[PDB]
Amino acid sequence: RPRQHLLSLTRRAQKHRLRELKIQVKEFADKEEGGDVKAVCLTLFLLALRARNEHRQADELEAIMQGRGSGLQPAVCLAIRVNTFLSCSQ
Amino acid sequence: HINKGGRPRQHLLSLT
DNA sequence: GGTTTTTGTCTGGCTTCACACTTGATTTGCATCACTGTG
DNA sequence: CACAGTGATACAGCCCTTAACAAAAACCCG
DNA sequence: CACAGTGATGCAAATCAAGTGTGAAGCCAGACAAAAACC
DNA sequence: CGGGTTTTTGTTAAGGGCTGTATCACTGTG
């Protein structure tokens with residue numbers, strides 16, 4: 001049977017394409033980086049995303065992995081509401 | 001073996 | 001039938017999230033009020 | 001020399017690949 | 001029976017902060033074992 | 001004290017793609 005799309009695969013049915021890769025991934029992480037796998041994959045994914053010209057997604061991932069800056073201050077929300085010529089209902 | 005020196009290896013998340 | 005893919009399981013051990021009770025202490029949502037503006 | 005718009009358009013800035021080389025900072029040991 | 005505002009007010013609904021011990025869920029180990037679409 | 005080794009950062013040019021800003025003749029309260 002021909003293979004299907006990788007994203008459409010379930011959580012369990014996608015480990016047998018990555019079994020033959022995580023071995024060298026983690027041995028490289030041990031021998032060169034120190035042992036971290038999530039961090040080195042973060043670096044690789046940021047590099048791939050920036051090469052693909054998806055800097056918006058790269059910045060979103062950087063923000064979510066770093067301290068979450070989500071949420072605007074009430075003062076700046078009021079500043080936007082007043083300077084952008086907006087009304088309360090809008 | 002003799003140590004040849006070199007710059008220390010920082011965390012991969014701390015580089016450019 | 002062959003071949004490849006796709007799900008299923010196996011037990012001990014680990015981490016990670018939800019809740020079981022209670023009492024307040026807030027934050028947030030939405031209806032109400034008499035009006036406008038284009039004729 | 002009022003000052004903050006008003007929106008479509010075009011050009012500049014910043015950044016990614018190729019690959020080989022160059023300038024520069026941190027330890028080791030004679 | 002126009003309809004989308006217009007913002008302040010006030011009450012009701014929702015979420016949470018405080019205490020620790022549980023349950024409930026996802027995943028890890030490497031390996032074995034059934035369904036399903038093309039020849 | 002300074003080569004020697006290792007690691008960090010930048011540089012050269014041809015193209016592609018996203019993002020930011022200047023430019024054009026106008027507006028209104030008079």
# chains A, B, ... in the order shown; residues from 1 in each chain; ligands from 1

$ residues_around --residues "stretch 1-11 of chain C" --least-positions-apart "5" --cutoff "12 Å" --atoms "only C-alpha atoms (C1' of nucleotides)" --output "number ranges by chain"
A: 1-6, 8-17; E: 29-39

$ closest_atom_pairs --of "chain A" --to "chain D" --cutoff "10 Å" --atoms "only C-alpha atoms (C1' of nucleotides)" --output "tab-separated table"
residue	atom	partner	partner_atom	distance
A:47	CA	D:16	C1'	9.6
A:48	CA	D:16	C1'	9.8
A:49	CA	D:16	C1'	9.9
A:50	CA	D:16	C1'	6.9
A:51	CA	D:16	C1'	4.9
A:52	CA	D:16	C1'	7.4
A:53	CA	D:16	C1'	7.0
A:55	CA	D:15	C1'	9.6

$ write_last_selection --atoms "N, CA and C atoms" --output "CSV table (one decimal), in the first residue's frame"
chain,number,residue,atom,x,y,z
A,47,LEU,N,15.5,26.9,12.3
A,47,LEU,CA,16.3,27.0,11.0
A,47,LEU,C,15.5,26.7,9.8
A,48,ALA,N,14.7,25.6,9.9
A,48,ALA,CA,13.9,25.2,8.7
A,48,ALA,C,12.8,26.2,8.5
A,49,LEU,N,12.1,26.7,9.5
A,49,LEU,CA,11.1,27.7,9.3
A,49,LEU,C,11.6,29.0,8.7
A,50,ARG,N,12.8,29.4,9.2
A,50,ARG,CA,13.3,30.6,8.7
A,50,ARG,C,13.8,30.5,7.2
A,51,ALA,N,14.3,29.3,6.9
A,51,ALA,CA,14.7,29.0,5.5
A,51,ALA,C,13.5,29.0,4.6
A,52,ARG,N,12.4,28.4,5.1
A,52,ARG,CA,11.1,28.4,4.3
A,52,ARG,C,10.4,29.7,4.2
A,53,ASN,N,11.0,30.7,4.9
A,53,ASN,CA,10.4,32.1,4.9
A,53,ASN,C,9.0,32.1,5.6
A,55,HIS,N,8.8,33.5,8.9
A,55,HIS,CA,9.3,34.2,10.1
A,55,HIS,C,8.2,34.5,11.1

$ residues_around --residues "residue F:7" --least-positions-apart "5" --cutoff "10 Å" --atoms "only C-alpha atoms (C1' of nucleotides)" --output "VMD selection string"
(chain B and resid 6 to 10) or (chain D and resid 25 to 26)

$ select_by_dssp --residues "stretch 1-86 of chain A" --states "helix (DSSP H, G or I)" --output "ChimeraX atom specification"
/A:19-33,38-51,55-65,74-83

$ interface_residues --of "chain B" --to "chain A" --cutoff "8 Å" --atoms "only C-alpha atoms" --output "tab-separated table (two decimals) with N, CA and C atoms, in the first residue's frame"
chain	number	residue	atom	x	y	z
B	9	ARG	N	31.98	24.99	24.74
B	9	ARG	CA	30.74	24.74	24.02
B	9	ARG	C	29.57	25.19	24.89
B	11	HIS	N	25.39	26.28	25.48
B	11	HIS	CA	24.12	25.65	25.15
B	11	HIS	C	23.68	26.04	23.74
B	12	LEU	N	23.11	25.07	23.02
B	12	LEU	CA	22.71	25.31	21.64
B	12	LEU	C	21.65	26.41	21.53
B	13	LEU	N	20.88	26.63	22.60
B	13	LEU	CA	19.89	27.70	22.60
B	13	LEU	C	20.50	29.06	22.91

$ residues_around --residues "stretch 34-39 of chain C" --least-positions-apart "6" --cutoff "12 Å" --atoms "only C-alpha atoms (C1' of nucleotides)" --output "compact mmCIF listing (two decimals) with N, CA and C atoms (P, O5', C5', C4', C3', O3' and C1' of nucleotides), in the first residue's frame"
# COMPACT_ATOMS: atom_id res chain seq x y z
P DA E 2 -40.20 50.94 11.70
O5' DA E 2 -39.18 50.17 10.75
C5' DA E 2 -38.12 50.89 10.12
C4' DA E 2 -37.02 49.94 9.71
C3' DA E 2 -36.63 48.94 10.77
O3' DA E 2 -35.94 47.87 10.16
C1' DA E 2 -35.09 50.79 10.70
P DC E 3 -35.33 46.68 11.05
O5' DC E 3 -33.85 47.17 11.37
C5' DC E 3 -33.02 47.61 10.30
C4' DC E 3 -31.70 48.14 10.82
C3' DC E 3 -31.14 47.42 12.05
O3' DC E 3 -29.73 47.32 11.92
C1' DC E 3 -31.33 49.69 12.51
P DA E 4 -28.94 46.06 12.52
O5' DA E 4 -27.53 46.68 12.94
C5' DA E 4 -26.76 47.40 11.98
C4' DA E 4 -26.15 48.64 12.59
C3' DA E 4 -25.36 48.41 13.89
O3' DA E 4 -24.10 49.05 13.82
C1' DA E 4 -26.89 50.16 14.16
P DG E 5 -22.94 48.68 14.87
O5' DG E 5 -23.53 49.10 16.30
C5' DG E 5 -22.87 50.08 17.10
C4' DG E 5 -23.37 51.48 16.77
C3' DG E 5 -22.94 52.57 17.76
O3' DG E 5 -22.53 53.72 17.06
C1' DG E 5 -25.27 52.61 17.49
P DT E 6 -21.17 54.47 17.48
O5' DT E 6 -21.47 55.04 18.94
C5' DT E 6 -22.46 56.06 19.14
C4' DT E 6 -22.66 56.34 20.62
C3' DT E 6 -21.91 55.39 21.54
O3' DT E 6 -20.69 56.00 21.94
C1' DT E 6 -24.18 55.80 22.30
P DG E 7 -19.45 55.09 22.40
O5' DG E 7 -19.47 55.18 23.99
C5' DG E 7 -19.22 56.42 24.62
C4' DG E 7 -20.02 56.53 25.90
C3' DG E 7 -19.47 55.72 27.08
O3' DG E 7 -19.48 56.50 28.25
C1' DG E 7 -21.73 55.19 26.71

$ atom_distance --atom1 "atom CA of residue A:29" --atom2 "atom CA of residue A:46"
16.9 Å

$ residues_around --residues "residue C:28" --least-positions-apart "2" --cutoff "10 Å" --atoms "only C-alpha atoms (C1' of nucleotides)" --output "list in words"
residues 30 of chain C; 13, 14 and 15 of chain E

$ residues_around --residues "residue E:23" --least-positions-apart "5" --cutoff "12 Å" --atoms "only C-alpha atoms (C1' of nucleotides)" --output "short mmCIF file (atom, residue, chain, number, x, y, z; two decimals) with N, CA and C atoms (P, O5', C5', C4', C3', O3' and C1' of nucleotides), in the first residue's frame"
data_model
loop_
_atom_site.label_atom_id
_atom_site.label_comp_id
_atom_site.auth_asym_id
_atom_site.auth_seq_id
_atom_site.Cartn_x
_atom_site.Cartn_y
_atom_site.Cartn_z
P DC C 17 1.02 19.82 32.95
"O5'" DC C 17 -0.53 19.53 33.19
"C5'" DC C 17 -1.34 19.05 32.12
"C4'" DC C 17 -2.65 18.48 32.62
"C3'" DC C 17 -3.53 19.46 33.41
"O3'" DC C 17 -4.85 19.46 32.87
"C1'" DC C 17 -3.26 17.43 34.60
P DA C 18 -5.94 20.51 33.40
"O5'" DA C 18 -6.89 19.64 34.34
"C5'" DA C 18 -7.58 18.52 33.80
"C4'" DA C 18 -8.44 17.84 34.86
"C3'" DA C 18 -9.26 18.80 35.73
"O3'" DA C 18 -10.59 18.30 35.86
"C1'" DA C 18 -7.90 17.42 37.11
P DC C 19 -11.71 19.18 36.60
"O5'" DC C 19 -11.80 18.53 38.06
"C5'" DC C 19 -11.99 17.13 38.19
"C4'" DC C 19 -11.96 16.71 39.65
"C3'" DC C 19 -12.69 17.66 40.61
"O3'" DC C 19 -13.42 16.90 41.56
"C1'" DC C 19 -10.52 17.30 41.36
P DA C 20 -15.03 16.90 41.56
"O5'" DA C 20 -15.40 16.12 42.90
"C5'" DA C 20 -14.45 15.23 43.49
"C4'" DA C 20 -14.31 15.50 44.98
"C3'" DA C 20 -14.78 16.86 45.42
"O3'" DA C 20 -16.18 16.84 45.68
"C1'" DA C 20 -12.64 16.44 46.34
#

$ interface_residues --of "chain F" --to "chain B" --cutoff "9 Å" --atoms "only C-alpha atoms (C1' of nucleotides)" --output "list in words"
residues 4, 5, 6, 7, 8 and 9 of chain F

$ decode --residues "chain C" --atoms "C-alpha atoms (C1' of nucleotides)" --output "short mmCIF file (atom, residue, chain, number, x, y, z; two decimals), in the first residue's frame"
data_model
loop_
_atom_site.label_atom_id
_atom_site.label_comp_id
_atom_site.auth_asym_id
_atom_site.auth_seq_id
_atom_site.Cartn_x
_atom_site.Cartn_y
_atom_site.Cartn_z
"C1'" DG C 1 -1.68 -14.74 -1.96
"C1'" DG C 2 2.41 -10.41 -1.61
"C1'" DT C 3 3.69 -6.03 0.03
"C1'" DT C 4 3.35 -2.15 2.54
"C1'" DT C 5 0.81 0.69 5.71
"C1'" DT C 6 -2.12 1.32 9.86
"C1'" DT C 7 -3.39 0.50 14.06
"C1'" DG C 8 -3.90 -2.41 18.31
"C1'" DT C 9 -1.87 -4.69 22.42
"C1'" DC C 10 1.75 -6.32 26.07
"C1'" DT C 11 3.50 -4.47 32.30
"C1'" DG C 12 6.23 -1.55 35.35
"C1'" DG C 13 7.58 2.97 35.82
"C1'" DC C 14 7.66 7.93 34.98
"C1'" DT C 15 5.56 12.57 34.51
"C1'" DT C 16 1.47 15.70 34.05
"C1'" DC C 17 -3.26 17.43 34.60
"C1'" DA C 18 -7.90 17.42 37.11
"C1'" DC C 19 -10.52 17.30 41.36
"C1'" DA C 20 -12.64 16.44 46.34
"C1'" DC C 21 -14.32 19.66 49.94
"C1'" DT C 22 -15.24 24.44 51.75
"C1'" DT C 23 -15.53 30.51 51.72
"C1'" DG C 24 -15.20 34.31 50.04
"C1'" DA C 25 -12.93 37.69 46.33
"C1'" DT C 26 -12.81 39.41 42.62
"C1'" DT C 27 -13.48 39.73 37.00
"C1'" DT C 28 -16.60 39.60 33.20
"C1'" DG C 29 -21.15 39.62 30.51
"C1'" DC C 30 -25.18 41.74 29.05
"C1'" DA C 31 -29.73 44.10 29.45
"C1'" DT C 32 -31.53 49.29 30.21
"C1'" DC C 33 -31.97 54.28 29.53
"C1'" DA C 34 -33.68 57.91 26.35
"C1'" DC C 35 -31.90 59.61 22.24
"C1'" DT C 36 -29.17 60.37 16.91
"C1'" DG C 37 -28.66 59.93 11.49
"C1'" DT C 38 -30.28 59.21 6.35
"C1'" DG C 39 -35.29 60.82 4.38
#
